[PDB]
Amino acid sequence: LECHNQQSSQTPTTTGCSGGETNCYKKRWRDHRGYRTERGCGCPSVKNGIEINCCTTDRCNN
């Protein structure tokens with residue numbers, strides 16, 4: 001279980017999940033004054049048009 005955390009490019013870090021958590025997520029969106037991005041732990045959260053990708057194959061945030 002190992003995932004990295006590159007909050008909005010900026011700087012990529014390394015933070016895996018634990019305590020009953022083992023799911024990586026890759027969500028991002030850009031709207032009128034509302035662009036954000038997060039890729040740490042998650043999975044449930046999808047819609048239409050935004051960008052979302054869940055993974056859990058040990059180091060799958062590339």
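Considering only residues that are among the β-branched types (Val, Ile, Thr), assigned to a loop (DSSP other than H, G, I, E, B) and more than 20 Å from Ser18 (Cα to Cα), which ones fall in the stretch 46-62?
Listed by number, the residues that qualify are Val46, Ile50.
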Report summary line: Counting only residues in the stretch 10-26 that are in contact with a strand residue (DSSP E or B) (Cβ under 8 Å, 6 or more places away or on another chain) and free of Cβ contacts under 8 Å to residues at least 24 places away in the same chain, the one farthest from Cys60 (Cα to Cα) is identified as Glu21
Report summary line: Note on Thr11: of the conditions (1) of a type outside the set (A, V, I, L, M); (2) in a loop (DSSP other than H, G, I, E, B); (3) within 11 Å of the chain's Cα centre (by Cα), unmet is (3)
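Does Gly19 qualify as being in contact with a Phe, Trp or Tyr (Cβ under 9 Å, 6 or more places away or on another chain) and on the phi > 0 side of the Ramachandran plot?
Working: in contact with a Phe, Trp or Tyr (Cβ under 9 Å, 6 or more places away or on another chain): no; on the phi > 0 side of the Ramachandran plot: yes.
No: the conditions fail for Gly19.
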Query raised in the report: Could you give every pair whose Cβ atoms fall below 7 Å, whose first residue belongs to the stretch 41-62 and is touching a residue at least 24 places away in the same chain (Cβ under 8 Å), and whose second residue is aromatic (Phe, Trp, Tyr) and surrounded by 11 or more Cβ atoms within 10 Å (Cβ to Cβ), counting only separations of at least 6 or pairs across chains?
Result: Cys41/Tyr25; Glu51/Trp29; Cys54/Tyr25
Report summary line: Apart from one, (1) β-branched (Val, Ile, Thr); (2) surrounded by fewer than 14 Cβ atoms within 10 Å (Cβ to Cβ); (3) touching a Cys at 6+ places or on another chain (Cβ under 8 Å) all hold for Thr56; the odd one out is (2)
**Report entry** Yes/no for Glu38 being among the acidic types (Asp, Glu) and touching a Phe, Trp or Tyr at 6+ places or on another chain (Cβ under 9 Å)
**Finding:** yes
Query - Candidate set from the stretch 19-45 (those that are in contact with an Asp or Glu (Cβ under 8 Å, 6 or more places away or on another chain) and either assigned to a loop (DSSP other than H, G, I, E, B) or among the hydrophobic types (A, V, I, L, M, F, W, C) (or both)); member that is surrounded by the fewest Cβ atoms within 10 Å (Cβ to Cβ) - result: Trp29
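Taken together, the values in this text are just the output of simple stated rules run on the coordinates, not laboratory data. Cβ atoms come from the backbone with ideal geometry, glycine included; neighbour counts cover every protein chain shown.
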